[PDB]
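Reproduced below: query-v9.cif, with mmCIF, C-alpha atoms and all ligand atoms.
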data_structure
loop_
_atom_site.group_PDB
_atom_site.id
_atom_site.type_symbol
_atom_site.label_atom_id
_atom_site.label_comp_id
_atom_site.auth_asym_id
_atom_site.auth_seq_id
_atom_site.Cartn_x
_atom_site.Cartn_y
_atom_site.Cartn_z
ATOM 1 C CA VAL A 1 -80.319 116.388 -9.638
ATOM 2 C CA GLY A 2 -84.139 116.534 -9.829
ATOM 3 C CA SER A 3 -86.694 119.296 -9.496
ATOM 4 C CA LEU A 4 -86.322 122.716 -7.836
ATOM 5 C CA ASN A 5 -89.132 123.656 -5.430
ATOM 6 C CA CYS A 6 -90.208 126.225 -2.777
ATOM 7 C CA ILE A 7 -92.521 125.214 0.025
ATOM 8 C CA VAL A 8 -94.095 127.737 2.435
ATOM 9 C CA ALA A 9 -97.178 128.229 4.632
ATOM 10 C CA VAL A 10 -98.487 131.746 4.420
ATOM 11 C CA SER A 11 -101.376 133.744 6.019
ATOM 12 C CA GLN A 12 -103.916 135.907 4.133
ATOM 13 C CA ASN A 13 -101.777 138.983 4.723
ATOM 14 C CA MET A 14 -98.761 137.122 3.247
ATOM 15 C CA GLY A 15 -97.192 136.517 6.663
ATOM 16 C CA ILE A 16 -94.687 133.669 7.177
ATOM 17 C CA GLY A 17 -92.978 134.534 10.465
ATOM 18 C CA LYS A 18 -93.124 136.614 13.652
ATOM 19 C CA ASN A 19 -90.063 136.915 15.892
ATOM 20 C CA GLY A 20 -88.420 133.815 14.509
ATOM 21 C CA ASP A 21 -91.539 131.726 15.079
ATOM 22 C CA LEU A 22 -94.673 130.976 12.979
ATOM 23 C CA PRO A 23 -97.453 133.630 13.245
ATOM 24 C CA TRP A 24 -100.193 131.029 13.999
ATOM 25 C CA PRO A 25 -100.343 128.308 16.648
ATOM 26 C CA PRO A 26 -98.890 124.842 15.877
ATOM 27 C CA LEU A 27 -100.870 123.101 13.054
ATOM 28 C CA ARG A 28 -99.853 119.482 13.464
ATOM 29 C CA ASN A 29 -101.020 118.041 10.108
ATOM 30 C CA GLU A 30 -99.563 121.043 8.300
ATOM 31 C CA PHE A 31 -96.209 120.172 9.893
ATOM 32 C CA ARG A 32 -96.756 116.538 8.765
ATOM 33 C CA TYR A 33 -97.377 117.698 5.184
ATOM 34 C CA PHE A 34 -94.168 119.827 5.177
ATOM 35 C CA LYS A 35 -92.155 116.778 6.383
ATOM 36 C CA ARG A 36 -93.808 114.372 3.930
ATOM 37 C CA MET A 37 -93.243 116.667 0.966
ATOM 38 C CA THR A 38 -89.637 117.580 1.643
ATOM 39 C CA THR A 39 -88.592 114.064 2.718
ATOM 40 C CA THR A 40 -90.212 111.927 -0.034
ATOM 41 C CA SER A 41 -87.656 111.281 -2.805
ATOM 42 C CA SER A 42 -89.071 109.851 -6.029
ATOM 43 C CA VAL A 43 -85.589 108.210 -6.866
ATOM 44 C CA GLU A 44 -84.062 105.210 -4.887
ATOM 45 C CA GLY A 45 -80.648 105.680 -3.186
ATOM 46 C CA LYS A 46 -81.172 109.461 -3.065
ATOM 47 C CA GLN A 47 -82.255 112.031 -0.509
ATOM 48 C CA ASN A 48 -83.822 115.417 -1.161
ATOM 49 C CA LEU A 49 -81.775 118.546 -0.287
ATOM 50 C CA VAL A 50 -83.280 121.337 1.888
ATOM 51 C CA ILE A 51 -81.961 124.836 1.452
ATOM 52 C CA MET A 52 -82.694 127.589 4.026
ATOM 53 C CA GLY A 53 -81.339 130.965 5.290
ATOM 54 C CA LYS A 54 -79.499 131.193 8.665
ATOM 55 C CA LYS A 55 -82.527 132.577 10.535
ATOM 56 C CA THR A 56 -84.777 129.726 9.247
ATOM 57 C CA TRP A 57 -82.163 127.141 10.446
ATOM 58 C CA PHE A 58 -82.127 128.652 13.938
ATOM 59 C CA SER A 59 -85.958 128.942 13.959
ATOM 60 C CA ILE A 60 -86.149 125.106 14.010
ATOM 61 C CA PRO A 61 -86.112 123.604 17.487
ATOM 62 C CA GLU A 62 -82.697 122.058 18.105
ATOM 63 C CA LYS A 63 -84.222 118.602 18.437
ATOM 64 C CA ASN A 64 -85.778 118.894 14.977
ATOM 65 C CA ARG A 65 -82.387 120.034 13.478
ATOM 66 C CA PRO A 66 -81.100 118.750 11.046
ATOM 67 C CA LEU A 67 -84.357 117.990 9.184
ATOM 68 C CA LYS A 68 -83.950 114.200 9.261
ATOM 69 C CA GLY A 69 -83.924 112.068 6.057
ATOM 70 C CA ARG A 70 -82.746 115.106 4.112
ATOM 71 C CA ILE A 71 -79.475 116.807 3.352
ATOM 72 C CA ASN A 72 -79.380 120.194 5.112
ATOM 73 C CA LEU A 73 -77.736 123.243 3.511
ATOM 74 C CA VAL A 74 -77.648 126.680 5.215
ATOM 75 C CA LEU A 75 -77.113 130.010 3.392
ATOM 76 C CA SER A 76 -74.939 132.587 5.132
ATOM 77 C CA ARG A 77 -72.140 134.953 4.289
ATOM 78 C CA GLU A 78 -71.260 135.462 8.032
ATOM 79 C CA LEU A 79 -70.858 131.843 9.142
ATOM 80 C CA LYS A 80 -67.437 130.278 8.303
ATOM 81 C CA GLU A 81 -68.645 126.685 8.621
ATOM 82 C CA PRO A 82 -72.080 124.863 8.738
ATOM 83 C CA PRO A 83 -73.959 125.377 12.031
ATOM 84 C CA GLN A 84 -73.833 122.492 14.528
ATOM 85 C CA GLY A 85 -75.903 119.647 13.006
ATOM 86 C CA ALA A 86 -76.091 121.137 9.490
ATOM 87 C CA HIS A 87 -74.441 119.392 6.518
ATOM 88 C CA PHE A 88 -73.484 122.140 4.155
ATOM 89 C CA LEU A 89 -72.968 125.936 4.060
ATOM 90 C CA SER A 90 -73.225 128.225 0.981
ATOM 91 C CA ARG A 91 -72.754 132.005 0.467
ATOM 92 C CA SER A 92 -75.590 132.343 -2.133
ATOM 93 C CA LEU A 93 -78.377 130.385 -3.788
ATOM 94 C CA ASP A 94 -76.419 130.140 -7.054
ATOM 95 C CA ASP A 95 -73.508 128.691 -5.082
ATOM 96 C CA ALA A 96 -75.872 126.179 -3.360
ATOM 97 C CA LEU A 97 -77.364 125.092 -6.688
ATOM 98 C CA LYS A 98 -73.836 124.871 -8.208
ATOM 99 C CA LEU A 99 -72.675 122.580 -5.318
ATOM 100 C CA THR A 100 -75.376 119.998 -6.120
ATOM 101 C CA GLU A 101 -73.558 119.510 -9.486
ATOM 102 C CA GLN A 102 -70.222 118.700 -7.729
ATOM 103 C CA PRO A 103 -68.572 115.241 -7.272
ATOM 104 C CA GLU A 104 -69.795 115.126 -3.646
ATOM 105 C CA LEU A 105 -73.526 115.814 -4.388
ATOM 106 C CA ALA A 106 -74.416 115.174 -8.093
ATOM 107 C CA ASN A 107 -75.266 111.501 -7.362
ATOM 108 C CA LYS A 108 -76.862 112.000 -3.958
ATOM 109 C CA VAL A 109 -79.553 114.684 -4.425
ATOM 110 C CA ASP A 110 -83.003 114.056 -5.777
ATOM 111 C CA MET A 111 -85.356 117.068 -5.378
ATOM 112 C CA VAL A 112 -84.249 120.417 -3.931
ATOM 113 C CA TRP A 113 -86.607 122.233 -1.486
ATOM 114 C CA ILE A 114 -86.155 125.879 -0.618
ATOM 115 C CA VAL A 115 -87.795 126.136 2.802
ATOM 116 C CA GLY A 116 -87.083 129.796 3.754
ATOM 117 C CA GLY A 117 -86.924 132.599 4.399
ATOM 118 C CA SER A 118 -88.097 135.731 2.544
ATOM 119 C CA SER A 119 -85.075 136.759 0.468
ATOM 120 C CA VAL A 120 -84.171 133.164 -0.494
ATOM 121 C CA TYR A 121 -87.781 132.592 -1.706
ATOM 122 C CA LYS A 122 -87.681 135.950 -3.590
ATOM 123 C CA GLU A 123 -84.465 135.159 -5.487
ATOM 124 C CA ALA A 124 -85.519 131.595 -6.303
ATOM 125 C CA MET A 125 -88.892 132.794 -7.625
ATOM 126 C CA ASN A 126 -87.393 135.343 -10.026
ATOM 127 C CA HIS A 127 -84.720 133.128 -11.331
ATOM 128 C CA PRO A 128 -85.402 131.874 -14.835
ATOM 129 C CA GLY A 129 -86.107 128.171 -15.052
ATOM 130 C CA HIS A 130 -88.530 125.423 -14.179
ATOM 131 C CA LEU A 131 -89.781 125.996 -10.609
ATOM 132 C CA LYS A 132 -92.677 124.863 -8.430
ATOM 133 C CA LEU A 133 -94.223 126.532 -5.311
ATOM 134 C CA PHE A 134 -95.921 124.407 -2.709
ATOM 135 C CA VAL A 135 -97.970 127.001 -0.815
ATOM 136 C CA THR A 136 -100.313 126.274 2.111
ATOM 137 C CA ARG A 137 -102.801 129.140 2.235
ATOM 138 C CA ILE A 138 -103.645 129.889 5.885
ATOM 139 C CA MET A 139 -106.997 131.571 5.449
ATOM 140 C CA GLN A 140 -106.816 134.253 8.149
ATOM 141 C CA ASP A 141 -104.679 137.248 8.837
ATOM 142 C CA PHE A 142 -101.975 136.877 11.443
ATOM 143 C CA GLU A 143 -99.671 139.538 12.885
ATOM 144 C CA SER A 144 -96.277 138.953 11.164
ATOM 145 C CA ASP A 145 -92.891 140.565 10.755
ATOM 146 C CA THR A 146 -91.653 138.447 7.791
ATOM 147 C CA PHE A 147 -93.580 137.988 4.535
ATOM 148 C CA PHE A 148 -93.761 135.747 1.461
ATOM 149 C CA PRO A 149 -92.831 137.532 -1.773
ATOM 150 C CA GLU A 150 -95.458 138.416 -4.364
ATOM 151 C CA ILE A 151 -96.445 135.460 -6.616
ATOM 152 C CA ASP A 152 -96.658 136.729 -10.211
ATOM 153 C CA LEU A 153 -99.574 134.825 -11.694
ATOM 154 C CA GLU A 154 -98.608 135.739 -15.278
ATOM 155 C CA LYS A 155 -95.653 133.249 -14.773
ATOM 156 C CA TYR A 156 -96.881 130.908 -11.968
ATOM 157 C CA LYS A 157 -99.754 128.741 -12.971
ATOM 158 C CA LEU A 158 -101.903 127.238 -10.168
ATOM 159 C CA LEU A 159 -102.217 123.556 -10.900
ATOM 160 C CA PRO A 160 -105.791 122.143 -10.841
ATOM 161 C CA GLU A 161 -104.688 118.908 -8.922
ATOM 162 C CA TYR A 162 -101.386 117.370 -7.818
ATOM 163 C CA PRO A 163 -100.719 113.690 -6.813
ATOM 164 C CA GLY A 164 -100.325 113.447 -3.016
ATOM 165 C CA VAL A 165 -101.746 116.918 -2.273
ATOM 166 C CA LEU A 166 -105.213 117.210 -0.716
ATOM 167 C CA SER A 167 -107.551 119.620 -2.656
ATOM 168 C CA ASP A 168 -110.213 120.302 0.006
ATOM 169 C CA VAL A 169 -110.212 122.788 2.922
ATOM 170 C CA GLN A 170 -108.339 121.593 6.017
ATOM 171 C CA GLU A 171 -109.030 122.855 9.552
ATOM 172 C CA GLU A 172 -106.854 122.595 12.736
ATOM 173 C CA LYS A 173 -107.356 124.637 15.949
ATOM 174 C CA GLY A 174 -110.268 126.595 14.399
ATOM 175 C CA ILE A 175 -107.850 127.699 11.582
ATOM 176 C CA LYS A 176 -108.921 126.892 7.939
ATOM 177 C CA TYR A 177 -106.211 126.245 5.332
ATOM 178 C CA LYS A 178 -105.753 124.688 1.859
ATOM 179 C CA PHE A 179 -102.789 123.304 -0.119
ATOM 180 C CA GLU A 180 -101.824 124.749 -3.497
ATOM 181 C CA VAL A 181 -99.223 123.977 -6.147
ATOM 182 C CA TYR A 182 -97.870 126.583 -8.650
ATOM 183 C CA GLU A 183 -95.553 126.026 -11.612
ATOM 184 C CA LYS A 184 -93.495 128.332 -13.824
ATOM 185 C CA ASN A 185 -91.079 127.523 -16.600
ATOM 186 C CA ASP A 186 -89.265 130.403 -18.223
HETATM 187 N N1 LIG A 201 -94.421 129.824 7.248
HETATM 188 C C1 LIG A 201 -93.397 129.198 6.620
HETATM 189 O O1 LIG A 201 -93.539 128.434 5.694
HETATM 190 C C2 LIG A 201 -91.962 129.588 6.961
HETATM 191 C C3 LIG A 201 -91.696 130.519 7.970
HETATM 192 N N2 LIG A 201 -90.339 130.875 8.255
HETATM 193 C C4 LIG A 201 -90.126 131.936 9.312
HETATM 194 O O2 LIG A 201 -89.477 133.188 8.671
HETATM 195 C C5 LIG A 201 -88.499 133.703 9.669
HETATM 196 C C6 LIG A 201 -87.070 133.498 9.220
HETATM 197 O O3 LIG A 201 -87.065 134.093 7.957
HETATM 198 P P1 LIG A 201 -86.160 135.352 7.395
HETATM 199 O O4 LIG A 201 -86.087 136.381 8.452
HETATM 200 O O5 LIG A 201 -86.726 135.684 6.042
HETATM 201 O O6 LIG A 201 -84.581 134.747 7.360
HETATM 202 P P2 LIG A 201 -83.703 133.672 6.541
HETATM 203 O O7 LIG A 201 -83.962 132.335 7.079
HETATM 204 O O8 LIG A 201 -83.755 133.909 5.036
HETATM 205 O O9 LIG A 201 -82.276 134.074 7.063
HETATM 206 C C7 LIG A 201 -81.728 135.309 6.574
HETATM 207 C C8 LIG A 201 -80.222 135.299 6.787
HETATM 208 O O10 LIG A 201 -79.671 133.965 6.033
HETATM 209 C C9 LIG A 201 -78.541 134.448 5.274
HETATM 210 N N3 LIG A 201 -79.099 134.546 3.859
HETATM 211 C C10 LIG A 201 -80.379 134.626 3.402
HETATM 212 N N4 LIG A 201 -80.356 134.548 2.059
HETATM 213 C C11 LIG A 201 -79.070 134.362 1.671
HETATM 214 C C12 LIG A 201 -78.398 134.214 0.452
HETATM 215 N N5 LIG A 201 -79.054 134.196 -0.729
HETATM 216 N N6 LIG A 201 -77.043 134.047 0.479
HETATM 217 C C13 LIG A 201 -76.323 134.012 1.600
HETATM 218 N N7 LIG A 201 -76.924 134.165 2.769
HETATM 219 C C14 LIG A 201 -78.275 134.360 2.818
HETATM 220 C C15 LIG A 201 -78.279 135.459 6.348
HETATM 221 O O11 LIG A 201 -77.048 135.398 7.013
HETATM 222 P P3 LIG A 201 -75.893 136.222 7.079
HETATM 223 O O12 LIG A 201 -76.229 137.659 7.789
HETATM 224 O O13 LIG A 201 -75.206 135.272 8.221
HETATM 225 O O14 LIG A 201 -75.155 136.247 5.757
HETATM 226 C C16 LIG A 201 -79.317 136.520 6.301
HETATM 227 O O15 LIG A 201 -79.186 137.569 7.308
HETATM 228 C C17 LIG A 201 -88.858 133.017 10.993
HETATM 229 O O16 LIG A 201 -89.986 133.756 11.528
HETATM 230 C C18 LIG A 201 -89.307 131.612 10.576
HETATM 231 O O17 LIG A 201 -90.205 131.097 11.562
HETATM 232 C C19 LIG A 201 -89.228 130.307 7.530
HETATM 233 C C20 LIG A 201 -89.539 129.380 6.527
HETATM 234 C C21 LIG A 201 -90.868 129.018 6.239
HETATM 235 N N1 LIG A 202 -95.819 124.393 4.395
HETATM 236 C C1 LIG A 202 -94.790 124.669 5.181
HETATM 237 N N2 LIG A 202 -93.673 125.157 4.613
HETATM 238 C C2 LIG A 202 -92.577 125.406 5.334
HETATM 239 N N3 LIG A 202 -91.446 125.829 4.806
HETATM 240 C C3 LIG A 202 -92.636 125.194 6.698
HETATM 241 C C4 LIG A 202 -91.491 125.462 7.455
HETATM 242 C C5 LIG A 202 -91.541 125.270 8.837
HETATM 243 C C6 LIG A 202 -90.225 125.604 9.654
HETATM 244 N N4 LIG A 202 -90.340 125.408 11.125
HETATM 245 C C7 LIG A 202 -90.316 124.235 11.784
HETATM 246 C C8 LIG A 202 -89.865 123.052 11.194
HETATM 247 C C9 LIG A 202 -89.870 121.868 11.942
HETATM 248 CL CL1 LIG A 202 -89.343 120.383 11.253
HETATM 249 C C10 LIG A 202 -90.298 121.823 13.265
HETATM 250 C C11 LIG A 202 -90.742 123.000 13.861
HETATM 251 C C12 LIG A 202 -90.755 124.201 13.139
HETATM 252 CL CL2 LIG A 202 -91.308 125.638 13.970
HETATM 253 C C13 LIG A 202 -92.756 124.817 9.398
HETATM 254 N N5 LIG A 202 -93.861 124.551 8.670
HETATM 255 C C14 LIG A 202 -93.822 124.722 7.308
HETATM 256 N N6 LIG A 202 -94.899 124.486 6.534
#

Can you give me the file's structure in the form of structure tokens?
Amino acid sequence: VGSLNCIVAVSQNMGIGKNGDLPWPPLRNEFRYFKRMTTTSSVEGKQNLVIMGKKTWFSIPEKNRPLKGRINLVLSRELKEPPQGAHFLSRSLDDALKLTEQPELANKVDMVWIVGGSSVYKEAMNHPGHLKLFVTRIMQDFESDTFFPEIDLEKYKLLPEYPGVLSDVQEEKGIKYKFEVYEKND
């Protein structure tokens, strides 16, 4: 199995969600970036795995579910089987990560992408090990009810460049944003 990664878009006030929707209006090229990054597998004959909480799964329009080209795993201790259209269900992140080492998945998964929400990010980010954060910085405040956890810059280094990631300021719908990559290894 390849790298472990979080990817998020987050406003200045650390906001990632409001009422099961994004706090800002649709940013089309930001969506394209999310798709490109989670879908592109560096290893032939493999797909990337996406891991997400139950509320993140249901936040995705039904037509966009499952995230296509990727293996879709949902985290839930209430659900007794994967949601309609999902591929796998786990009861914890450790369980999810453990499953990728099983007969069924060992050979099939390239990179793993944690794509939400708050508590799954939090746990991933404070788990020892080699981890990257792909963070799109939406450079305005937006009313939110769900937030990205604190990024501890003593551990997470902001990378000065990354292949495939634009370094300059982007702008869609009057909303400025920029792509960042962080890395820890501990
Ligand atoms: N801006 C961005 O990049 C992103 C924004 N979002 C947004 O955030 C919101 C959804 O996020 P959030 O509310 O944080 O919810 P989550 O997607 O994390 O879902 C939380 C639920 O998933 C289960 N769960 C979460 N973590 C675990 C775990 N470790 N083990 C087992 N089950 C777990 C739940 O189910 P149960 O009660 O069934 O056990 C728990 O109640 C929406 O607004 C969405 O639009 C989401 C991703 C990215
Ligand atoms: N950078 C970044 N990181 C994430 N985790 C994101 C996650 C989402 C999830 N939402 C969503 C997904 C699909 Cl495919 C279609 C419609 C919606 Cl609303 C949206 N944008 C994201 N951007």

>> List as number ranges by chain the protein and nucleic acid residues lying within 9 Å of ligand LIG 201 (chain A), with all atoms listed in the file counted.
In response: A: 7-11, 15-24, 34, 52-60, 74-79, 90-96, 114-121, 123-124, 135-136, 144-148

>> If I take CA of residue 33 in chain A and CA of residue 73 in chain A, how far is one from the other in Å, to one decimal?
In response: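 Separation of CA of residue 33 in chain A and CA of residue 73 in chain A: 20.5 Å.
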
>> Please expand the PyMOL selection byres (((chain A and resi 156) around 12) and not hetatm) into the concrete residues it hits in this file, giving the result as a PyMOL selection string.
In response: chain A and resi 125-126+128-135+150-155+157-159+180-186

> Pick from A:110, A:104, A:161, A:141: nearest to residue 40 in chain A, with only C-alpha atoms counted?
Replying inline: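 Smallest separation from residue 40 in chain A among the options: A:110.
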
>> So the first atom is atom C11 of ligand LIG 202 (chain A) and the second is CA of residue 64 in chain A; what is the distance between them in Å, to one decimal place?
In response: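 Between atom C11 of ligand LIG 202 (chain A) and CA of residue 64 in chain A the gap works out to 6.5 Å.
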
> Which one of A:86, A:106, A:169, A:111 sits closest to residue 47 in chain A if you count all atoms listed in the file?
Replying inline: A:111

Rebuild range 130-141 of chain A to N, CA, C and O atoms - output it as a tab-separated table (two decimals), in the coordinates of the input, please.
chain	number	residue	atom	x	y	z
A	130	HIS	N	-87.36	126.22	-14.49
A	130	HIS	CA	-88.53	125.42	-14.18
A	130	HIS	C	-88.57	125.38	-12.65
A	130	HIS	O	-87.62	124.90	-12.01
A	131	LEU	N	-89.64	125.90	-12.06
A	131	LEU	CA	-89.78	126.00	-10.61
A	131	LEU	C	-91.23	125.75	-10.15
A	131	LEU	O	-92.22	126.21	-10.79
A	132	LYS	N	-91.37	124.99	-9.07
A	132	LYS	CA	-92.68	124.86	-8.43
A	132	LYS	C	-92.76	125.49	-7.05
A	132	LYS	O	-91.77	125.54	-6.33
A	133	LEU	N	-93.97	125.97	-6.70
A	133	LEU	CA	-94.22	126.53	-5.31
A	133	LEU	C	-95.30	125.71	-4.65
A	133	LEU	O	-96.44	125.64	-5.14
A	134	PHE	N	-94.95	125.11	-3.52
A	134	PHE	CA	-95.92	124.41	-2.71
A	134	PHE	C	-96.32	125.38	-1.63
A	134	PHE	O	-95.54	125.68	-0.72
A	135	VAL	N	-97.55	125.87	-1.73
A	135	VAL	CA	-97.97	127.00	-0.82
A	135	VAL	C	-99.21	126.55	-0.02
A	135	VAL	O	-100.20	126.22	-0.60
A	136	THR	N	-99.14	126.59	1.30
A	136	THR	CA	-100.31	126.27	2.11
A	136	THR	C	-100.87	127.66	2.45
A	136	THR	O	-100.15	128.52	3.05
A	137	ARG	N	-102.13	127.87	2.09
A	137	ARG	CA	-102.80	129.14	2.24
A	137	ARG	C	-103.51	129.12	3.57
A	137	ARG	O	-104.45	128.38	3.72
A	138	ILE	N	-103.00	129.86	4.56
A	138	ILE	CA	-103.64	129.89	5.88
A	138	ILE	C	-104.65	131.01	5.79
A	138	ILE	O	-104.23	132.17	5.62
A	139	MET	N	-105.94	130.68	5.91
A	139	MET	CA	-107.00	131.57	5.45
A	139	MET	C	-107.54	132.55	6.51
A	139	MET	O	-108.79	132.72	6.69
A	140	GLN	N	-106.58	133.20	7.17
A	140	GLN	CA	-106.82	134.25	8.15
A	140	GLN	C	-105.59	135.12	8.14
A	140	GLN	O	-104.48	134.69	7.70
A	141	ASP	N	-105.78	136.33	8.65
A	141	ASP	CA	-104.68	137.25	8.84
A	141	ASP	C	-104.04	136.90	10.13
A	141	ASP	O	-104.72	136.43	11.05
